[PDB]
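What follows is a single chain, given as structure tokens, in the form solved without the partner chain.
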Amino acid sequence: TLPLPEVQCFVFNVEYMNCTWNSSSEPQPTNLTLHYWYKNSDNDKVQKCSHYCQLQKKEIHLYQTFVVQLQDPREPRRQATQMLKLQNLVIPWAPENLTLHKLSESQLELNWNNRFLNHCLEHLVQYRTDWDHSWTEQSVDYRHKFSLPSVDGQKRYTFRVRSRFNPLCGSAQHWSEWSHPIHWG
């Protein structure tokens, strides 16, 4: 007949877990119940969220299996459920304190410290230039340093960086939110 409004869940920098589902599409808007359980660990239980959802770091286990489900009170028979690789859906905070420093007269290096995770993240940088129609991309390895080989004096560049939980400890595809745009003068 009708499908449930579904849900995407993203772990934010391994601080708390947030699942957001839009109840606007269905008639008679309702904030349905949410559940969760960790299959991987032995001696496990089915828990109720009751924090409308949100889960604290006390109940987040990575590198392992996690299952989410949504239940509506009117029709208990009908529900939803998904199987999630929690290391495939980590969306950390946008990196803070995007430090720029200038090693040589014609090349640049970029540094940024993520909030919690260091050794399991890949990065992307987009830089532009004066009058540029487009934006030039470049990927970075698990190390958090990117180098721009060619720069110009009078021209000015805009850098925005988003990290990604890939590939050493997962295969997350979605990118982080754009950080505060650090501007070169």
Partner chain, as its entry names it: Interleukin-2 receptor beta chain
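Numbering follows the first chain given and starts at 1.
Gap check for residue 116 to residue 117: zero deposited residues are absent from the model.
FYI, the form solved in complex with the partner chain isn't displayed, but the following is about it.
At the 4.5 Å threshold, heavy atoms of residue 150 reach the partner chain in the entry with it bound. The partner chain in the entry with it bound is not approached by residue 31, whose heavy atoms all lie more than 4.5 angstroms from it. Contact between residue 26 and the partner chain in the entry with it bound is not found at the 4.5 Å heavy atom cutoff.
Residue contact check for residue 99: none of its heavy atoms lie within 4.5 Å of the partner chain in the entry with it bound.
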